[PDB]
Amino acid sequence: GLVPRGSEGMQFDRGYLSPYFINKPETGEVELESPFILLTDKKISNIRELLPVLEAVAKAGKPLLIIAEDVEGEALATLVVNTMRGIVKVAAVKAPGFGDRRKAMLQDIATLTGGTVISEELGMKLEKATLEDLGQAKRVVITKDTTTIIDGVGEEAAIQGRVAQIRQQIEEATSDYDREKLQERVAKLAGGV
């Protein structure tokens, strides 16, 4: 069935990893304007991993959205202290889904935002991630339980090619569940443009 509106944004069901990211107290939300986006399937537990990116982000004077497997312990605490002091405007959320769908969805967001996934399996380090590796968007809105990426800045043909790929898989799918979950992804990418 038809969708009445257009680009509401790519949304996934993962909210803020700490209440201290909230910068819209009356709504209980996080709103980042023109944010850089860090994408990774790695679990961030240490702060040594995020320093290089945070310093770079801080030097550029731009907000940052961290999408990781999880951001915890000392790492989360250092993001909270730096965001509270106004050194960096950061927010961290978990990567959507699990298993293989999480990695595919991380790639969907990379392609939409023109970012590069810092993958565990490839041997990529957060430490060497640069500003070119980070995706970008007009706005990011994070609630208690959802994240919305509005207007990713990725290449249209690249975004188009990603959707063609998912359509290709849908044709080869053996289940309505598989086709439906694949259909989700297309709809998420469509909202992000």
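The first residue of the shown sequence is 1; numbering continues from there.
Legend: mean Cα B-factor per stretch from the PDB entry, 98-106 versus 84-92; the higher mean is in 84-92. When the C-alpha B-factors of 141-149 and 128-136 are averaged, 128-136 comes out higher. As recorded in the PDB entry, 57 shows the highest C-alpha B-factor of the residues 38, 32, 57, 158. For residue 185, the recorded CA temperature factor ranks within the lowest third of the chain's modelled residues. Looking at the C-alpha B-factors along this chain, the one for residue 47 belongs to the highest third. In the PDB entry, a CA B factor belonging to the middle third of its chain's modelled residues is recorded for residue 68.
When all modelled residues of the chain are sorted by CA temperature factor, residue 163 is found within the lowest third. Placement of the Cα temperature factor of residue 122 within the chain: middle third of the modelled residues, per the deposited record.
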